[PDB]
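First, one chain by itself: the form deposited in one PDB entry, in structure tokens.
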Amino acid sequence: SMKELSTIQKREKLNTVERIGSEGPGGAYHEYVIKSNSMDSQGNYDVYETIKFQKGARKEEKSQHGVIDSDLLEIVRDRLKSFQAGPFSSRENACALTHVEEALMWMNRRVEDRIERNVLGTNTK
């Protein structure tokens, strides 16, 4: 099945984000589609992109390799840094960037804690 995400942005959205499939390992969904909101005059949706996540903890049998959430945030972190070094910097970009980095820091704190407890990549609290 598929459900569209309710996004924080409400107006002038370029793309919609769709959640594909059912809940899987960790309680998470593992496939998302980014799709143009509007069509051109020939009916084409210029953007139609699928992102598939790592599905199951990496050391567990039958897990499948994929993207991980920090990868996406690192890309947006780099984009925001570029925008701030470019001709159209803004305070909003500055604040978004700090929050994206703080998210990444919390995700990495989780990783390093799981390394310390020797549970990274396993289905263990």
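Throughout, rigid core stands for the largest set of C-alpha atoms superposing within 1.5 Å between the two forms. Residue positions are given as counts along the sequence shown, with the first one as 1.
- As listed in the deposited structure, the average C-alpha B-factor of 38 to 46 and of 52 to 60 is greater for 38 to 46.
- Annotation for 99 to 107 versus 18 to 26: the higher mean temperature factor (C-alpha) is found in 18 to 26.
- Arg79 sits in the lowest third of its chain by CA B factor, as recorded in the PDB entry.
What comes next is about the form deposited in another entry, which does not appear here.
- With the rigid core aligned between this form and the one not shown, the listed residues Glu92, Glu60, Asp69, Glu49 include just one Cα displaced by at least 2 Å, namely that of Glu60.
- Core-superposed comparison between this form and the one not shown: the C-alpha position of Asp40 differs by no less than 2 Å.
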